[PDB]
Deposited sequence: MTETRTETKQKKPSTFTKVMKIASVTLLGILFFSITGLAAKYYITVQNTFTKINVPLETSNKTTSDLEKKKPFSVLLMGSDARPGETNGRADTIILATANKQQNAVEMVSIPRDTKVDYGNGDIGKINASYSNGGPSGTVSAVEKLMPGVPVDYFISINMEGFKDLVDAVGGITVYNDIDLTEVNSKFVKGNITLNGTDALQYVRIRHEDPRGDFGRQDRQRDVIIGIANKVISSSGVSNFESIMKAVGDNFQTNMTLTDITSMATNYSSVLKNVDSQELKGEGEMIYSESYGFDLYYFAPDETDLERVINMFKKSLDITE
């Protein structure tokens, strides 16, 4: 059971407003996720850009190509993109997820109490989009993002639900693909470590628009740490 990767995407011309790369490994028995910031700078040649805009080129496959260029060593095996509608459905189509909420967030929704809570599509999205209310800042939105993704995955392993979500869901994976994963990599959900690519933001003037835009310069040092980590996650050929 060779380990594999899958680029998780969240949309909303079109853009990839959330980009998460993940690796599952039966041996190591763990999931390794990395959320690359949506503003990550990318060269086109001659013209710079934000990684989230790689969606414009060929839909999702485009972003996949941007993540692979951004991670030369690392190979992206599968991809799965959903817009927010597709998200809401997906959660309900699986009966709603369940997650451990770290902090009292009842000021956003009475259900966002402490401990394990159950959320339906709408409620899950309201959970994930929280911000000011969570004292943990970006890492906070990051945990919550993670929790919902694993919460959705623990349900999936307990299908033709790709009909209830349909058009808002896109994956190069097949039906027999998901099947094999639930029946072989189920264990990989025991250990799940997600982290955010470290770097710095910067304002670089734009010739087309007429002003400075925002870009994220990932730390060259950490980019390798995570690149090699992913290679070690997939057993470098």
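Stretches of the deposited sequence absent from the structure, as judged by C-alpha coordinates, are 1 to 69, 82 to 87, 122, 235 to 241, 321.
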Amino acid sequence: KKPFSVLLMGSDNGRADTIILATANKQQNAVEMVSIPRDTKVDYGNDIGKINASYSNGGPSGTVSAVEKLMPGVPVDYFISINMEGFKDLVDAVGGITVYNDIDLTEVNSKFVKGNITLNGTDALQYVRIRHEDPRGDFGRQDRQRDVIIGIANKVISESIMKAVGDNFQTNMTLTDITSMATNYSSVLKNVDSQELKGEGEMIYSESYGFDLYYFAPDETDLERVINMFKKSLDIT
From here on, numbers count along this sequence of modelled residues.
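Stretches 52 to 60 and 174 to 182 differ in mean C-alpha B factor, with the higher average recorded for 174 to 182. Remark: stretch with higher mean C-alpha B factor among 74 to 82 and 161 to 169 is 161 to 169.
Based on the entry's C-alpha B-factors, the most elevated value among 65, 40, 35, 28 belongs to 28. Going by the entry's values, 106 shows the largest Cα B-factor out of 106, 145, 116, 122. For residue 132, the recorded CA temperature factor ranks within the highest third of the chain's modelled residues. Ranked within its chain, residue 7 lands in the lowest third, by CA B factor from the PDB record. Per the deposited record, the Cα B-factor of residue 200 falls in the middle third when ranked against the other modelled residues of its chain. Ranked by Cα temperature factor within the chain, residue 188 sits in the lowest third according to the deposited record. Among the modelled residues of its chain, residue 23 has a C-alpha B-factor that falls in the lowest third, as given in the PDB entry.
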